[PDB]
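One structure below.
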Amino acid sequence: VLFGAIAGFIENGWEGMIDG
């Protein structure tokens, strides 16, 4: 739609579980 979250959800995805 906008694209911001089409990266933001991936980043909050990755940096949702670096540790563990």
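By convention here, the chains of the structure tokens are called A, B, ... in the order presented, each chain's residues are numbered starting at 1, and ligands are numbered starting at 1 in the order presented.
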Run DSSP on the backbone of this structure and report the residues of chain A it assigns to helix (DSSP H, G or I), as a ChimeraX atom specification. /A:4-14
Please write the residues from the selection above to a file, keeping N, CA and C atoms, as an mmCIF file, in the first residue's frame.
```cif
data_model
loop_
_atom_site.group_PDB
_atom_site.id
_atom_site.type_symbol
_atom_site.label_atom_id
_atom_site.label_comp_id
_atom_site.auth_asym_id
_atom_site.auth_seq_id
_atom_site.Cartn_x
_atom_site.Cartn_y
_atom_site.Cartn_z
ATOM 1 N N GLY A 4 6.334 0.996 3.762
ATOM 2 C CA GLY A 4 7.112 1.142 4.992
ATOM 3 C C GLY A 4 7.049 -0.102 5.881
ATOM 4 N N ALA A 5 5.844 -0.625 6.113
ATOM 5 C CA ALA A 5 5.581 -1.818 6.908
ATOM 6 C C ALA A 5 5.934 -3.114 6.167
ATOM 7 N N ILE A 6 6.036 -3.090 4.832
ATOM 8 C CA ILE A 6 6.426 -4.240 4.009
ATOM 9 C C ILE A 6 7.937 -4.510 4.123
ATOM 10 N N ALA A 7 8.642 -3.587 4.772
ATOM 11 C CA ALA A 7 9.963 -3.742 5.356
ATOM 12 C C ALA A 7 9.852 -3.768 6.886
ATOM 13 N N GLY A 8 9.059 -2.874 7.497
ATOM 14 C CA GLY A 8 8.992 -2.733 8.947
ATOM 15 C C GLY A 8 8.612 -4.030 9.664
ATOM 16 N N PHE A 9 7.682 -4.811 9.104
ATOM 17 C CA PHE A 9 7.278 -6.102 9.652
ATOM 18 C C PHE A 9 8.384 -7.156 9.515
ATOM 19 N N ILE A 10 9.272 -7.024 8.524
ATOM 20 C CA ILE A 10 10.390 -7.942 8.310
ATOM 21 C C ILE A 10 11.478 -7.651 9.352
ATOM 22 N N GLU A 11 11.642 -6.374 9.700
ATOM 23 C CA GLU A 11 12.680 -5.858 10.580
ATOM 24 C C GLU A 11 12.270 -6.144 12.014
ATOM 25 N N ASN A 12 11.026 -5.806 12.381
ATOM 26 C CA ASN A 12 10.415 -6.266 13.628
ATOM 27 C C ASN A 12 10.254 -7.792 13.639
ATOM 28 N N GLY A 13 10.380 -8.454 12.482
ATOM 29 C CA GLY A 13 10.412 -9.909 12.407
ATOM 30 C C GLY A 13 11.778 -10.436 12.846
ATOM 31 N N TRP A 14 12.836 -9.948 12.193
ATOM 32 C CA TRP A 14 14.226 -10.303 12.432
ATOM 33 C C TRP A 14 14.623 -9.903 13.849
#
```
